[PDB]
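The entry's author numbering puts the first residue of the sequence shown at 1, with every later residue one more than the last.
For reference, the structure is listed below as structure tokens.
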Amino acid sequence: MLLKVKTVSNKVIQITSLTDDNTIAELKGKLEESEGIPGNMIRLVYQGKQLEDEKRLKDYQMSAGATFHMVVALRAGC
């Protein structure tokens, strides 16, 4: 339900309304679309683990899982 996503840009956003179909994919996809374009890698780590798309609905039952997004930009995108 409620999740806190913080990017490497020191941007933390805490919302209390997550989906049960995608959740993760929806969150990451909505963040990239909101900014217009993807930062670079757009890879977040959940509980020190990766790949959470498969836990779309499984993440909706948490409603208390800290999320940290990472964007690797060395070529361009300051």
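Idealized CB from N, CA, C, for every residue including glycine.
Pairwise C-beta distances place the stretch 9-16 out of contact with the stretch 47-62, as fewer than three of them are shorter than 8 Å. DSSP, read as helix, strand or coil, puts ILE42 in coil.
Looking at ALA25, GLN14, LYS6, the one whose alpha-carbon comes closest to that of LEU57 is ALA25. Residues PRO38, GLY39, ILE42 of the same chain have their beta carbon placed closer than 8 Å to that of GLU32, with the five preceding and five following residues left out of the count.
Residue burial annotation: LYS28 is buried, with at least 16 other C-beta atoms found within 10 angstroms of its C-beta.
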